[PDB]
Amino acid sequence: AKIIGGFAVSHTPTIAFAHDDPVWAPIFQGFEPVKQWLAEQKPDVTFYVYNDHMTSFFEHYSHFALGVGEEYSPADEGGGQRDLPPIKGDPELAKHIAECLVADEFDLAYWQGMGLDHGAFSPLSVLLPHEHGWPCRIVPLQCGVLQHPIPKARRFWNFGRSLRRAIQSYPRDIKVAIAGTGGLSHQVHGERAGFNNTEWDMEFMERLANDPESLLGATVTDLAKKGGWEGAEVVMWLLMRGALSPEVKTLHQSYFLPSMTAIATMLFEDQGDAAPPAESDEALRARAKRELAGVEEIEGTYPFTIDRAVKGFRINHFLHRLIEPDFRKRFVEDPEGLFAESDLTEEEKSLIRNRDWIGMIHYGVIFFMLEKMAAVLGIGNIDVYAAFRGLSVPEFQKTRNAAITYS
C-alpha cells in the first residue's frame, strides 16, 4: 500500500564477473548500509530499475519494458549462466502499475520469461542473500537507453512521479522498495573509453536528493561529456528518485572508483508526499479501471489482460514456437516427445492433446496461437470458430453470408 525507501546503485559486472581484496573491502562499506536496510525493513517487492545491455533486449528494443512475469532466471551473456536462483516477480502489482501508467498517458511494453543481465543480477546478488531462493519479489523496469532517441529526463522523472501515485494506490497491504540501478559516470566504448569526472559525480549525487527538480533540463549531451557516454544511463536514477517522496534522508552516500567504472551508492528514506495530491486514491483506482470497466458484462469474451497473459504464458509460449518449421515438424510428428520435454502442466498438455479450442480460450491461450496450431494441423480458422460456438462447421457457416475456408 506504500513505499518505504529506495536505493540507487552502480551495476557494473565487476561486482559479478570477479567477486562471486582490500581495494574492494572498504567499498562493500558502501554496500553495508543497503544490505542492512533490506533485512530490517523486510521488503515485499523491489521495483527494480535497470538496463539490459543488449542481452535480452536487442532486435526489439523499447523504452519502458515492464517485467510482469511469475519469475526470472539469469541471462546467459556468452560468459555463461551466472550461478544464481530464479527470483520471483509480482504480476499482481505489475498489472496495477501498468493500468495507472497507461491512464496517465505513458507508453509501455510487457515481457516475461527473458533472463536478466548484469544490469540486474550483478549488483542485486551483492545486495540480497541468494541461498536456495530469494528474500523477496521483484518488479523489473527495463530501460532502453542505448538506442537514441531515449525518453527525456523530464520524462523519466514523471514516470517515477506517476509510479509514486500508482504504487500508493495499490489497495493491498505491502511495503515496497525501489531499486534505480544506474551509473555512475563512465564510458566503455571507443577512443575516449576511460573518461570519468568525480566532481560531476559528486555534484550529481548531491543534486539528486537536495534539488532534483532542477536536473530536469539535462540533455543527453549534458551527461555525455560530463560523465561519459554510457555514464548517462543515470536517467534511471531520476525516475527512482521521482517515485520516492520529495524530501529524503540519505541513509548512506558512498563512492570509490576502482577499475573502469565509477562505483557509488545512494540509499534514501521515503517520508511522505509534500502535500495531499491533486487526485485521490479512490479517484485513481477507479480511473485505472475505466477503459475495461464493465467489460465483464460482455459475454463469451475473455479479455487478454496481464493476469491472463501470465496464466497463459507457458502454453502461449509453447504454441508460439509453431512458427518455427522444426518445432512444428516435431509438433505434428512427435507431440508426446515434444511435451515430455516442455515445461507445461498436465492440463496444458491435455488442452493441446485433446484439441480443445474453447478450453484454451477459457484457460488463457490468446486466439492467435490457436490460429497457428490450426494451420499447422492443416485445418482452418472456421473449424476453430465453430468449435467456439459448439457448432458443426456447416452450421456455423449458416451464420456467415458467404461460406469461405482459409488458414
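The first residue of the shown sequence is 1; numbering continues from there.
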Residue 20 to residue 21: deposited residues not modelled, binned count -> 4 to 9
Taking only the CA atoms, which stretch has the higher mean B-factor in the record, 286-294 or 206-214?
-> 206-214
Comparing 24-32 with 342-350, the one whose average Cα B-factor in the PDB entry is higher = 24-32
Reading the B-factor column of the entry, which of 92, 326, 334, 201 has the highest value at its C-alpha atom?
-> 201
From 310, 109, 251, 100, the top C-alpha temperature factor is at 251
Of the three thirds of Cα B-factor ranks in this chain, residue 242 occupies the highest
Going by what the PDB entry lists, where does residue 382 fall on CA B-factor within its chain: lowest, middle or highest third?
-> lowest
Chain thirds by Cα B factor, record data; residue 268 belongs to the highest
For residue 127, the third of its chain by CA B-factor is the middle
Assert third(CA B-factor, residue 276) within chain per record equals highest
